[PDB]
Amino acid sequence: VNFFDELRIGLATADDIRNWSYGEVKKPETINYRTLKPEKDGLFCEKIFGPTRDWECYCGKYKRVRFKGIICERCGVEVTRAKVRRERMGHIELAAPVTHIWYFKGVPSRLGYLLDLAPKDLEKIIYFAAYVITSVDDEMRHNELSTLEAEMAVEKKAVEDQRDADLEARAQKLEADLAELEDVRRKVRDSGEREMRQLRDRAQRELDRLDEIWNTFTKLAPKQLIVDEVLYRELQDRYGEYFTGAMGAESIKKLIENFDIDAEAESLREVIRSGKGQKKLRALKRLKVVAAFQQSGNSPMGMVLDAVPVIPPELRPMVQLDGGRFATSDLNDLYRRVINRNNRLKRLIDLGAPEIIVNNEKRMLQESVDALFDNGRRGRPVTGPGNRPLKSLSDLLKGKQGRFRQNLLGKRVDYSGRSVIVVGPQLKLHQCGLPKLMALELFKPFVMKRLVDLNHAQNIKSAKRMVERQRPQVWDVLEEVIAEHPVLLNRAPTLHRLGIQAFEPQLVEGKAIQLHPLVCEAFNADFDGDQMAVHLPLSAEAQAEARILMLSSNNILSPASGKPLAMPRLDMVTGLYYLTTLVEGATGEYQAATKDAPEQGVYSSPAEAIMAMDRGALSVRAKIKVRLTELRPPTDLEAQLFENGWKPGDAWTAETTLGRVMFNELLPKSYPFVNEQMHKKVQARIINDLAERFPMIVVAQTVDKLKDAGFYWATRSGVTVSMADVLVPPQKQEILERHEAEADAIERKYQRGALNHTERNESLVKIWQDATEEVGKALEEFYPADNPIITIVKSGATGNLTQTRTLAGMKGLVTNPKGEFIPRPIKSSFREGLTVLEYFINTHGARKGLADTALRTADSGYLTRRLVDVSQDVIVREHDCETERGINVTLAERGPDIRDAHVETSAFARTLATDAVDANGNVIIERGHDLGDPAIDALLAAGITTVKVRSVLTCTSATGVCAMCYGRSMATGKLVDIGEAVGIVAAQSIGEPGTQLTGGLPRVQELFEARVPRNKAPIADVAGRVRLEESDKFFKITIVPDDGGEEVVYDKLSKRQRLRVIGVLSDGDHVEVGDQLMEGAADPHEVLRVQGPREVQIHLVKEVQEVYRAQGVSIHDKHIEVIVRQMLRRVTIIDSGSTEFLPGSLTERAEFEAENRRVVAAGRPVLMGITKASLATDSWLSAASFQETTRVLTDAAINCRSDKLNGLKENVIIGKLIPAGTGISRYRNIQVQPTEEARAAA
Amino acid sequence: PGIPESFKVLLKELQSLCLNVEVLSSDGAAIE
Ligand SMILES: [Mg+2]
Ligand SMILES: [Zn+2]
Ligand SMILES: [Zn+2]
């Protein structure tokens, strides 16, 4: 079936635990040391759990598969599958009831908040250090109080009679002794007086005990503890029928039996109303756990265990190693300790033992079960060999090695390989090369199927043997089998969505995976030993998902900026750069000769030009005039020539390079001419234009032709490095030594005594940085264009002017491991070679860099993990919820009388919120347009300096988001689809380029975790005019308000924080409530409380994009906005509460709004950390999987909350199809019937 | 694909931790 909509929890009642169990274990024995067989009515027992070998009983009478569902009369074992040994749960009947440690030792205690007592006192009750009173019959005590009071008065009169009698009996004896006696007498007198004083003290203590017993008897009630033990020993025999008490868990069971949840829950709702203040908070902390038990179908009786369950043996396995020695699990020892003490307790009950040994054995049992459920929680942990704490049942679930975490989120997989990747530039983008010896095994069943389909193999086994042996016939079939049966290639670490991609596996001879060169950026995979993992998607649905969603051709555009990630890089770039770049004074050049000769550099066809090239006559990079037919001309030359008919086979003249024609020959038919050198940016905008204008297959193919051509022309580029090719600037002697003359001089100033070492140390850095800059410039003035080093960098293929400067000229200043720059620079090129010292100083920054990039990946991985686990639930649920709300994007602020640099990140690929009204009101565009450049330039032309766009930030959808509010999806390039997990896309998109940073990832994780900044720069609380008084190395800023209230004053902020540049902030200026005061980082919490959610929603995006914008990465805002949304979807409650809501809790906005109406509450906006927001979820499985499994499982179990599985990270854990992409009902239950018009003829 | 052993083990683990976890849809309750 595999279809369960929801998942409910609760507390396991002894009845349900018995109903679960098939047999009762009743001996403390695991396996026989001699024969190594399971023991009868013990642990691992076949009778209760299941058979050791598949279809085999214990004794060995029934061992045939033919019969099933019969119990063998001798042993009592049922003959079924062995797998049941990892299913059929067991149980243990505890002679005395035992409470669960989770509802007791939990903080706060659930039993403790239910029954209202101190945990230190509750400890004493459970661990048999105190009696507690269960049920007092007050009426029968009250009715017959006076008789017992009279009996008490007689019992006082008795001890008074004894008291006076013994004193009288002593006094006469002392008087007689002194009389017979008359230092020697006074001593005996004093001794007598001391003895009669002790006899008086005894009577006083006895009377005190009686009076105390009477007081404690008059003051009786349920849930009352006794410390003395002898008082309860006395109160047991006399006045025993009027009340009842006990010690242990049975007492708590008897207290739960004598309990009414409704009255207790009701009273608690009044006691909160009566005493408002601190005790209301305690009564309200008490309320929540009690209130939960009302609506819960399960009764709180199940909080105490009469019987305890027993985990399937296979999950606590005792397997013999290759030798004999046991590597046993700890659970076995705990279960042994429990069943031992249970058997001993039952034997003590059978014997009829005294109370002390029974209570001690019950304490031991209680401690054993407590240790079994949670080891090292109460006092010391249980240890076996060599003082190591025993792995408990709860220790399976908790920790980084927990079931929830380790053994549910990352598993090993079948129909999957791994190998080393090599380049495969012969392959088309969608193709990948697979090593035949891998492929053969990887498709073994698929090829076996076709080998049995064909008359190659007689039967399956011969096909299995044939493919196992690697016979010649398999290879003719394996391509027929692999024909369009795609494979998912992965490169760990799997940062972003395209880090997995599907490919057509082409067979290759070797033991390497021939990857495509373009997808290397989509994997971030070098060929420097980096492995990849092949997975064979088996299901038709999987095969489809691979083919449509994640086939590398179909997703050229990154899910980040919607830029083509599968674009040419490294060689291809220099290839096409050389191919297309123009050169003066070349072969077969356009001359335009006068009088005598013709123009020469003019050719009838690209064919002619190719023939003129291949034969030594024409140079590819020559400004020739070619007459083209197949190609479309430039936009200006379209108008001037044809402007009516098109050019399928017409003719027009172009003054280009053969290479530009051979380039445009690669680009699609109806794409116009470029006539430009193909810089990686030019390629980027070209393939972007292809992406936005043309279908994705056209892009996939054209970029592959660009790859093939690019590589072909990379060879005949002539990009090769030599000691001759790498030059030095001839002024490097002059410019450097001059910058010595300025430095040495400072020394001549220092030796006299004017400037200090620290200012000198900086001025040096300035001078030698200027020296580095001079060389950095001067290099490019000298270096020729065709120079391979210049080709590699100025193409944009790879490398920077920095790297070229540190290769040729000088590395300049290099940094210490602190961060400070060394004043003596590397005054020598890597070409010249560093001096041992200059090198040794260089080592610092490089090792520091390696140490930083070693750290960066794991931190980025953790950031990615948090950003995934916060926005794991954010999918596109519906198309349109329809809301006028949005955000106002800048888009050309006042001018030209202008385009913003960050339009592509902020505005582009989004739906419009409002109808684009202008001064006149001739609405050029309505709400809900995808915002292509036409729209942006049309709105710039229209004359508006702000546009309102629909955001996830302001989406009115309850579950997930609506498609329209998100915008045009980057992956597709169309309107986002109505199941996309934009949350995880965004998460990964933000998470991936953390590795490409250097402030940086700290600022990112600090901003996303929503913590207080390292530089707490305050904001303006009220709008007004600034006035700043400069104190003893301190700033006193006072803001005089415009409205008419109290002026905002600050005192103690550091002098090196610096004021904001708005020229610069000084006395005589007016500052806004919105703006920051000093340079650094504005506290989000501060911005939220002052300027509401919408401003901080922009602030987060602005302050978390600036780092990517600075570190040269481009993410689209919407991705961040899916996180910044998931942050601001909670409220902190101040007072009132209404429906048992706590003051200073974290409650969801939509469900809070539903309560807030109160038809027949005070909550403020809160900004919480992504970890806190990921912790704050309704689905108990996800919260349990994230962190603190015990805390949340205990909190949930008592509440008996039913998980809807609306989130997907739970659907992953339970292993059901995820609510996203191709697992939502409207997709996964699509009924496709073939059309009657098609079915008619057939 | 029915249900993973990685779910069954968690189910049985939580049943062994005495947390009465039970599977049920909108109409009708399921069996383990
Ligand atoms: Mg590498
Ligand atoms: Zn048998
Ligand atoms: Zn919406």
# chains A, B, ... in the order shown; residues from 1 in each chain; ligands from 1

$ residues_around --residues "residue A:239" --least-positions-apart "2" --cutoff "12 Å" --atoms "only C-alpha atoms" --output "PyMOL selection string"
chain A and resi 136-137+140-141+144-145+147-149+151-152+213-214+217-218+220+231-237+241-244

$ write_last_selection --atoms "C-alpha atoms" --output "PDB file, in the first residue's frame"
ATOM      1  CA  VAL A 136      -7.233  10.531  51.903  1.00  0.00           C
ATOM      2  CA  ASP A 137     -10.939   9.875  52.819  1.00  0.00           C
ATOM      3  CA  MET A 140     -14.717   9.613  57.327  1.00  0.00           C
ATOM      4  CA  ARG A 141     -11.670  11.258  59.092  1.00  0.00           C
ATOM      5  CA  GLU A 144     -14.511  10.453  63.413  1.00  0.00           C
ATOM      6  CA  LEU A 145     -11.821  13.132  64.234  1.00  0.00           C
ATOM      7  CA  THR A 147     -12.858  10.153  69.009  1.00  0.00           C
ATOM      8  CA  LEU A 148      -9.260   9.789  67.618  1.00  0.00           C
ATOM      9  CA  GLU A 149      -8.452  13.244  69.204  1.00  0.00           C
ATOM     10  CA  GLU A 151      -7.764   8.612  72.064  1.00  0.00           C
ATOM     11  CA  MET A 152      -4.786  10.996  71.334  1.00  0.00           C
ATOM     12  CA  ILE A 213       1.845  12.727  64.486  1.00  0.00           C
ATOM     13  CA  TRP A 214      -1.530  14.357  65.513  1.00  0.00           C
ATOM     14  CA  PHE A 217      -2.691  13.396  60.849  1.00  0.00           C
ATOM     15  CA  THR A 218      -4.985  16.525  61.040  1.00  0.00           C
ATOM     16  CA  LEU A 220      -3.550  15.108  55.496  1.00  0.00           C
ATOM     17  CA  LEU A 231       5.917   8.170  61.373  1.00  0.00           C
ATOM     18  CA  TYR A 232       4.312   6.337  58.364  1.00  0.00           C
ATOM     19  CA  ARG A 233       5.274   3.008  60.126  1.00  0.00           C
ATOM     20  CA  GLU A 234       3.156   4.219  63.138  1.00  0.00           C
ATOM     21  CA  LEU A 235       0.383   5.742  60.874  1.00  0.00           C
ATOM     22  CA  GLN A 236       0.178   2.344  58.973  1.00  0.00           C
ATOM     23  CA  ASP A 237      -1.045   0.229  61.980  1.00  0.00           C
ATOM     24  CA  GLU A 241      -8.317   2.469  57.029  1.00  0.00           C
ATOM     25  CA  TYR A 242      -8.877   6.316  56.788  1.00  0.00           C
ATOM     26  CA  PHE A 243      -6.061   7.068  54.211  1.00  0.00           C
ATOM     27  CA  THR A 244      -3.703   5.155  51.807  1.00  0.00           C
TER      28      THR A 244
END

$ closest_atom_pairs --of "chain A" --to "ligand 2" --cutoff "9 Å" --atoms "only C-alpha atoms and all ligand atoms" --output "CSV"
residue,atom,partner,partner_atom_place_in_ligand_line,distance
A:56,CA,ligand 2,1 (Zn),7.6
A:57,CA,ligand 2,1 (Zn),4.2
A:58,CA,ligand 2,1 (Zn),5.4
A:59,CA,ligand 2,1 (Zn),4.8
A:60,CA,ligand 2,1 (Zn),5.3
A:61,CA,ligand 2,1 (Zn),5.0
A:62,CA,ligand 2,1 (Zn),5.4
A:63,CA,ligand 2,1 (Zn),8.0
A:71,CA,ligand 2,1 (Zn),7.6
A:72,CA,ligand 2,1 (Zn),4.6
A:73,CA,ligand 2,1 (Zn),7.1
A:74,CA,ligand 2,1 (Zn),6.0
A:75,CA,ligand 2,1 (Zn),5.1
A:76,CA,ligand 2,1 (Zn),6.4
A:77,CA,ligand 2,1 (Zn),5.7
A:78,CA,ligand 2,1 (Zn),7.7
A:79,CA,ligand 2,1 (Zn),7.9

$ write_last_selection --atoms "N, CA, C and O atoms" --output "mmCIF file, in the first residue's frame"
data_model
loop_
_atom_site.group_PDB
_atom_site.id
_atom_site.type_symbol
_atom_site.label_atom_id
_atom_site.label_comp_id
_atom_site.auth_asym_id
_atom_site.auth_seq_id
_atom_site.Cartn_x
_atom_site.Cartn_y
_atom_site.Cartn_z
ATOM 1 N N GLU A 56 13.127 -22.438 9.741
ATOM 2 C CA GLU A 56 13.771 -23.457 10.616
ATOM 3 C C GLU A 56 13.390 -23.197 12.078
ATOM 4 O O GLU A 56 13.657 -22.082 12.563
ATOM 5 N N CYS A 57 12.809 -24.197 12.752
ATOM 6 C CA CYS A 57 12.446 -24.155 14.195
ATOM 7 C C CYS A 57 13.702 -24.350 15.056
ATOM 8 O O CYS A 57 14.769 -24.667 14.489
ATOM 9 N N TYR A 58 13.573 -24.175 16.375
ATOM 10 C CA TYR A 58 14.683 -24.260 17.362
ATOM 11 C C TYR A 58 15.158 -25.711 17.492
ATOM 12 O O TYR A 58 16.348 -25.978 17.227
ATOM 13 N N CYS A 59 14.252 -26.608 17.898
ATOM 14 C CA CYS A 59 14.515 -28.050 18.165
ATOM 15 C C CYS A 59 14.966 -28.762 16.881
ATOM 16 O O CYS A 59 15.865 -29.622 16.977
ATOM 17 N N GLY A 60 14.361 -28.419 15.737
ATOM 18 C CA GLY A 60 14.746 -28.911 14.397
ATOM 19 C C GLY A 60 13.868 -30.065 13.937
ATOM 20 O O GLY A 60 14.430 -31.105 13.537
ATOM 21 N N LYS A 61 12.543 -29.881 13.992
ATOM 22 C CA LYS A 61 11.517 -30.852 13.519
ATOM 23 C C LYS A 61 10.909 -30.339 12.209
ATOM 24 O O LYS A 61 10.906 -31.102 11.221
ATOM 25 N N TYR A 62 10.417 -29.094 12.214
ATOM 26 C CA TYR A 62 9.852 -28.375 11.040
ATOM 27 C C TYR A 62 10.911 -27.416 10.477
ATOM 28 O O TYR A 62 11.190 -26.386 11.131
ATOM 29 N N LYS A 63 11.488 -27.755 9.315
ATOM 30 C CA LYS A 63 12.505 -26.936 8.595
ATOM 31 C C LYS A 63 12.159 -26.804 7.101
ATOM 32 O O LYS A 63 13.067 -26.427 6.330
ATOM 33 N N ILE A 71 2.466 -23.582 14.906
ATOM 34 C CA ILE A 71 3.384 -23.560 16.087
ATOM 35 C C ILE A 71 3.768 -25.009 16.415
ATOM 36 O O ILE A 71 2.848 -25.829 16.617
ATOM 37 N N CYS A 72 5.072 -25.307 16.463
ATOM 38 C CA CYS A 72 5.636 -26.653 16.759
ATOM 39 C C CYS A 72 5.397 -26.996 18.235
ATOM 40 O O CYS A 72 5.839 -26.212 19.097
ATOM 41 N N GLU A 73 4.738 -28.131 18.502
ATOM 42 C CA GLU A 73 4.236 -28.537 19.848
ATOM 43 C C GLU A 73 5.392 -28.704 20.850
ATOM 44 O O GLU A 73 5.155 -28.448 22.048
ATOM 45 N N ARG A 74 6.581 -29.113 20.388
ATOM 46 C CA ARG A 74 7.762 -29.391 21.254
ATOM 47 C C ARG A 74 8.331 -28.072 21.796
ATOM 48 O O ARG A 74 8.244 -27.859 23.023
ATOM 49 N N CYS A 75 8.882 -27.225 20.919
ATOM 50 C CA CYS A 75 9.604 -25.971 21.277
ATOM 51 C C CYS A 75 8.619 -24.802 21.424
ATOM 52 O O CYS A 75 8.729 -24.074 22.432
ATOM 53 N N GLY A 76 7.704 -24.632 20.462
ATOM 54 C CA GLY A 76 6.711 -23.535 20.431
ATOM 55 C C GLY A 76 7.116 -22.391 19.511
ATOM 56 O O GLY A 76 6.532 -21.298 19.659
ATOM 57 N N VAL A 77 8.061 -22.623 18.591
ATOM 58 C CA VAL A 77 8.549 -21.620 17.594
ATOM 59 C C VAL A 77 7.664 -21.717 16.345
ATOM 60 O O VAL A 77 7.331 -22.854 15.946
ATOM 61 N N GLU A 78 7.310 -20.568 15.756
ATOM 62 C CA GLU A 78 6.502 -20.467 14.510
ATOM 63 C C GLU A 78 7.453 -20.344 13.313
ATOM 64 O O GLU A 78 8.387 -19.517 13.382
ATOM 65 N N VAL A 79 7.207 -21.130 12.259
ATOM 66 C CA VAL A 79 8.127 -21.326 11.096
ATOM 67 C C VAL A 79 7.756 -20.318 9.995
ATOM 68 O O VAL A 79 6.842 -20.604 9.196
#

$ residues_near_ligand --ligand "ligand 1" --cutoff "9 Å" --atoms "only C-alpha atoms and all ligand atoms" --output "ChimeraX atom specification"
/A:524-530

$ interface_residues --of "chain A" --to "chain B" --cutoff "8 Å" --atoms "only C-alpha atoms" --output "PyMOL selection string"
chain A and resi 1-13+17+86-87+89+308-312+315+373+393-394+403-404+407-408+1197+1213-1216

$ write_last_selection --atoms "N, CA, C and O atoms" --output "compact mmCIF listing (two decimals), in the first residue's frame"
# COMPACT_ATOMS: atom_id res chain seq x y z
N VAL A 1 0.88 -1.21 0.00
CA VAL A 1 0.00 0.00 0.00
C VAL A 1 0.90 1.24 0.00
O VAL A 1 0.82 2.02 -0.97
N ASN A 2 1.71 1.41 1.05
CA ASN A 2 2.74 2.48 1.20
C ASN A 2 2.09 3.88 1.21
O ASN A 2 2.79 4.84 0.82
N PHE A 3 0.83 3.98 1.65
CA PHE A 3 0.02 5.23 1.66
C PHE A 3 -0.58 5.43 3.05
O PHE A 3 -1.63 4.83 3.36
N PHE A 4 0.09 6.25 3.87
CA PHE A 4 -0.37 6.74 5.19
C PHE A 4 -0.22 8.27 5.21
O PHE A 4 0.93 8.76 5.20
N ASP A 5 -1.35 8.98 5.22
CA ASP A 5 -1.43 10.46 5.05
C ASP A 5 -0.76 11.16 6.24
O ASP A 5 0.01 12.10 6.00
N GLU A 6 -1.06 10.71 7.47
CA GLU A 6 -0.57 11.32 8.74
C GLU A 6 0.07 10.25 9.63
O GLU A 6 -0.04 9.05 9.31
N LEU A 7 0.74 10.69 10.70
CA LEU A 7 1.48 9.84 11.67
C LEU A 7 1.27 10.39 13.09
O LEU A 7 1.86 11.44 13.42
N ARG A 8 0.46 9.69 13.89
CA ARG A 8 0.11 10.06 15.29
C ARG A 8 1.05 9.34 16.26
O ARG A 8 1.49 8.22 15.93
N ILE A 9 1.32 9.95 17.42
CA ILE A 9 2.18 9.41 18.51
C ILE A 9 1.38 9.41 19.82
O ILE A 9 0.16 9.70 19.77
N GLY A 10 2.03 9.07 20.94
CA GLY A 10 1.42 9.09 22.29
C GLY A 10 2.34 8.49 23.33
O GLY A 10 3.55 8.78 23.29
N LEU A 11 1.79 7.67 24.23
CA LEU A 11 2.52 6.95 25.31
C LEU A 11 2.07 5.48 25.31
O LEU A 11 0.85 5.24 25.32
N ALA A 12 3.03 4.55 25.27
CA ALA A 12 2.79 3.09 25.18
C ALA A 12 2.23 2.58 26.52
O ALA A 12 3.00 2.54 27.50
N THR A 13 0.94 2.22 26.54
CA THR A 13 0.26 1.58 27.70
C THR A 13 0.62 0.09 27.72
O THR A 13 0.75 -0.51 26.63
N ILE A 17 1.51 -2.47 24.79
CA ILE A 17 2.86 -3.12 24.82
C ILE A 17 2.69 -4.64 24.83
O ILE A 17 3.48 -5.32 24.15
N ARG A 86 13.90 -8.90 13.12
CA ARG A 86 13.99 -7.42 13.06
C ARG A 86 12.59 -6.83 12.83
O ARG A 86 12.45 -5.96 11.94
N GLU A 87 11.58 -7.29 13.59
CA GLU A 87 10.18 -6.78 13.51
C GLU A 87 9.43 -7.12 14.81
O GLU A 87 9.09 -6.18 15.55
N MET A 89 8.33 -7.37 18.05
CA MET A 89 8.69 -6.74 19.35
C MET A 89 8.39 -7.72 20.49
O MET A 89 7.43 -8.50 20.36
N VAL A 308 7.39 -3.58 30.25
CA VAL A 308 8.33 -2.76 29.42
C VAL A 308 8.56 -3.49 28.10
O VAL A 308 8.75 -4.70 28.09
N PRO A 309 8.55 -2.79 26.94
CA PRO A 309 8.79 -3.44 25.65
C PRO A 309 10.26 -3.87 25.46
O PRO A 309 11.12 -3.37 26.16
N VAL A 310 10.49 -4.78 24.51
CA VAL A 310 11.82 -5.36 24.17
C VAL A 310 12.04 -5.21 22.65
O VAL A 310 11.30 -5.85 21.88
N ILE A 311 13.02 -4.38 22.28
CA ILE A 311 13.47 -4.09 20.87
C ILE A 311 13.74 -5.41 20.15
O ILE A 311 14.24 -6.35 20.77
N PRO A 312 13.41 -5.54 18.84
CA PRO A 312 13.81 -6.70 18.04
C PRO A 312 15.29 -7.07 18.20
O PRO A 312 16.15 -6.20 18.08
N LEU A 315 18.49 -5.62 16.09
CA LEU A 315 18.94 -4.22 16.33
C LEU A 315 19.85 -4.15 17.57
O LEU A 315 20.39 -3.06 17.83
N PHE A 373 16.37 2.76 29.55
CA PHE A 373 15.71 3.80 28.72
C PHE A 373 16.65 4.99 28.51
O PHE A 373 16.66 5.53 27.39
N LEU A 393 18.90 2.55 25.00
CA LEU A 393 17.88 2.55 23.92
C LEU A 393 17.77 3.95 23.32
O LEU A 393 17.73 4.05 22.08
N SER A 394 17.73 4.99 24.16
CA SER A 394 17.66 6.43 23.75
C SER A 394 18.97 6.88 23.08
O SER A 394 18.92 7.83 22.27
N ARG A 403 20.06 7.41 15.09
CA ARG A 403 19.22 6.77 14.04
C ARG A 403 18.65 7.85 13.13
O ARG A 403 18.83 7.75 11.90
N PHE A 404 17.99 8.85 13.73
CA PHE A 404 17.40 10.04 13.06
C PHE A 404 18.43 10.71 12.15
O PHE A 404 18.10 10.97 10.98
N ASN A 407 21.81 7.29 10.39
CA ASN A 407 21.28 6.08 9.70
C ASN A 407 19.88 6.35 9.13
O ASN A 407 19.03 5.44 9.20
N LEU A 408 19.65 7.56 8.59
CA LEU A 408 18.39 7.94 7.89
C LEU A 408 18.62 9.02 6.81
O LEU A 408 17.77 9.08 5.90
N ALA A 1197 5.29 13.50 22.64
CA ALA A 1197 4.66 12.25 23.14
C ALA A 1197 3.50 12.58 24.09
O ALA A 1197 2.42 11.97 23.92
N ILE A 1213 12.39 10.63 5.62
CA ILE A 1213 12.70 9.75 6.79
C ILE A 1213 11.79 8.52 6.76
O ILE A 1213 12.32 7.40 6.83
N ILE A 1214 10.47 8.72 6.65
CA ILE A 1214 9.46 7.62 6.55
C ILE A 1214 9.58 6.93 5.18
O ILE A 1214 9.11 5.79 5.06
N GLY A 1215 10.16 7.62 4.18
CA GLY A 1215 10.54 7.04 2.87
C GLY A 1215 9.39 7.04 1.87
O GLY A 1215 9.46 6.24 0.92
N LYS A 1216 8.39 7.91 2.06
CA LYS A 1216 7.26 8.11 1.11
C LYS A 1216 7.63 9.24 0.14
O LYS A 1216 8.45 10.10 0.52

$ residues_around --residues "residue A:42" --least-positions-apart "3" --cutoff "7 Å" --atoms "only C-alpha atoms" --output "JSON, numbers by chain"
{"A": [25, 26, 27, 28, 29, 30, 39, 45]}

$ write_last_selection --atoms "N, CA and C atoms" --output "CSV table (one decimal), in the first residue's frame"
chain,number,residue,atom,x,y,z
A,25,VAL,N,9.5,-13.0,27.6
A,25,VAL,CA,10.8,-13.4,28.1
A,25,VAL,C,10.7,-13.5,29.6
A,26,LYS,N,11.2,-14.6,30.2
A,26,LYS,CA,11.1,-14.9,31.6
A,26,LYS,C,12.3,-15.8,32.1
A,27,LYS,N,13.5,-15.5,31.5
A,27,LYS,CA,14.8,-16.0,32.1
A,27,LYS,C,15.9,-15.1,31.7
A,28,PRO,N,17.0,-14.9,32.5
A,28,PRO,CA,18.0,-13.9,32.2
A,28,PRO,C,19.2,-14.6,31.5
A,29,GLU,N,18.9,-15.0,30.2
A,29,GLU,CA,19.9,-15.8,29.4
A,29,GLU,C,19.8,-15.4,27.9
A,30,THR,N,20.9,-15.2,27.2
A,30,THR,CA,21.1,-14.7,25.8
A,30,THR,C,21.3,-15.9,24.9
A,39,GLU,N,18.5,-19.2,23.7
A,39,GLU,CA,18.0,-19.9,25.0
A,39,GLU,C,16.5,-19.7,25.1
A,45,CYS,N,15.2,-15.2,22.0
A,45,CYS,CA,14.5,-16.5,22.0
A,45,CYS,C,13.6,-16.6,20.7

$ residues_near_ligand --ligand "ligand 3" --cutoff "9 Å" --atoms "only C-alpha atoms and all ligand atoms" --output "ChimeraX atom specification"
/A:878-885,950-952,954-957,961-966

$ residues_around --residues "residue A:1052" --least-positions-apart "3" --cutoff "12 Å" --atoms "only C-alpha atoms" --output "list in words"
residues 1016, 1017, 1018, 1030, 1031, 1032, 1033, 1034, 1035, 1036, 1037, 1049, 1055 and 1057 of chain A

$ write_last_selection --atoms "C-alpha atoms" --output "compact mmCIF listing (two decimals), in the first residue's frame"
# COMPACT_ATOMS: atom_id res chain seq x y z
CA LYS A 1016 26.77 46.74 17.28
CA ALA A 1017 26.14 49.97 15.26
CA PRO A 1018 22.79 51.43 16.53
CA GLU A 1030 32.94 65.08 21.29
CA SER A 1031 33.83 63.96 24.90
CA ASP A 1032 37.17 62.55 26.31
CA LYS A 1033 37.76 60.18 23.29
CA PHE A 1034 33.96 59.45 23.00
CA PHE A 1035 30.93 60.50 20.82
CA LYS A 1036 27.76 61.93 22.52
CA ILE A 1037 25.15 61.83 19.65
CA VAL A 1049 20.89 60.18 23.27
CA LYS A 1055 35.79 56.11 18.64
CA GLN A 1057 33.33 52.60 14.91

$ atom_distance --atom1 "atom CA of residue A:438" --atom2 "atom CA of residue A:500"
19.2 Å

$ residues_around --residues "stretch 454-461 of chain A" --least-positions-apart "4" --cutoff "12 Å" --atoms "only C-alpha atoms" --output "ChimeraX atom specification"
/A:444-450,465-469,471-477,480-481

$ atom_distance --atom1 "atom CA of residue A:409" --atom2 "atom CA of residue A:535"
17.3 Å

$ select_by_dssp --residues "chain B" --states "strand (DSSP E or B)" --output "PDB file with C-alpha atoms, in the first residue's frame"
ATOM      1  CA  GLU B  22       0.684   4.728  14.943  1.00  0.00           C
ATOM      2  CA  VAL B  23       0.005   5.216  11.152  1.00  0.00           C
ATOM      3  CA  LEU B  24      -3.451   6.412   9.874  1.00  0.00           C
ATOM      4  CA  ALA B  29      -6.099   3.611  10.321  1.00  0.00           C
TER       5      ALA B  29
END

$ closest_residue --among "A:211, A:643, A:160, A:1009" --to "residue A:1085" --atoms "only C-alpha atoms"
A:1009

$ residues_around --residues "stretch 503-513 of chain A" --least-positions-apart "5" --cutoff "6 Å" --atoms "only C-alpha atoms" --output "PyMOL selection string"
chain A and resi 419-422+430-436+484+486-487+551
